[PDB]
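Read the single chain below, which is given as structure tokens and is the form deposited in one PDB entry.
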């Protein structure tokens, strides 16, 4: 009883020794080591001793970080410090309690060196123990929440609106009298157009709930047979106003405002947005696909015996190193290109780009490679001329995590030196570390052995951060709304762990098989709760964001 019966048909599909992890690891370490020597001769070029910086890493006290950098660096390092701790608990459960279950699988017991043995693919469908995987996936959601209730637990104008689309010939009298007659419950303190004003204004009220009500009445989605939104109500003042044509917003400070960009609104602005974002999403397909093609040479006609796999130098190391190169350049595209979308507020742009870096990195590292590698008609050709799971059984992901761990972090030292010719980007750095955490979490239950490398991705990213925050990057104060943003991404990670579990369950047993059902039930219950935080606002004691 086996899956491949390698004695009958010596089929190329049965993968490398150890998934090619040993060669990837050996070359990645050796490339890391070489980069640390290269770093040393770089930082010594400009003016205590060769490796002195490596001693500094473990000497600097947390209070020195706190004192020099300010609170944003400590809130950042707290986030890391929690995720490191999170991954020890998830790590010990994965390697301790998931892996010995997987490895008890009867399905890949031939092919003893196959990395596939340490994955869900080793478990025969209908085997009772498959509930343990669904259970841990849920348990990990509770831990990624509880660990973020702890992170957030440790950490620390409101009547003024900015009103846009006023005609340049408008008058403060009419603008003032409008609110106090269209909404007689209000009272107006100030009402001023702003920098021949170009049709933007500040207005200030007496009361905050009234402010929110007035702010809603220009923007709110509620409907009739006539119109899909609450159209802003008429007045005697209206000729100065052009009320229907406004956009109205809580006023940020003028240091946040792009007085250039907000000159365009409605369908035109959504055109510039969609044709920038489509070009980038098209481009991801071509950046992605070389990695998947170079990896997938399990074709036939000739070159069919197991002996015909290439060296894991080309079939594992090279493609994951190329995918890393594109992963590490991707932030530099979206930070550059987001300038041309013309957001209204620098704060928005910063807060947008962190979620855009993250979701493009997710499409091009996790989701499109997951669909690409899952698109193995390969099994259909073997079968016609369950044991379906990724080619190499997902060793590709381990190999990515290793590549990003050793080569990525060693490169992170070198990201700030220079002189080879003869300021902390908090959003980018958040996006990048949650991209990697997402992969680890996604595979942590289908493919346990990824988690140790996930942990050491974090430890080395942490040390290199604690180092380069204190010594290298300029001390920076930041907009708090990105730290709170990043915690939502951490909650996405175990949810995508549940989704791919439902996928690789439902492509290996029916949707009516009870583990498929249970995973669906958990997922649908989880998502309605998570959505009810976003605007509906019912749950605000739960899931995250305990604050001082």
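Superpose the two forms; the largest set of C-alphas matching within 1.5 Å is the rigid core. Positions refer to the first chain, counted from 1.
Just so you know, the form deposited in another entry exists too; it's not on screen, but the next bit is about it.
- Checking 139, 414, 328, 145 for C-alpha shifts of 2 Å or more between this form and the one not shown, after the rigid core is superposed, gives a single hit: 328.
- Put the two forms on the same core and the Cα of residue 274 is off by 2 Å or more between this form and the one not shown.
- The Cα position of residue 9 differs by 2 Å or more between this form and the one not shown after fitting on the rigid core.
- Here residue 507 counts as shifted, since its C-alpha moves by at least 2 Å between this form and the one not shown after the core is aligned.
- In the other form, the Cα atoms of residue 428 and residue 417 sit 3 Å or more nearer to each other than they do here.
- The pair residue 357 and residue 417 is tighter in the other form: their Cα-Cα distance falls by no less than 3 Å compared with this form.
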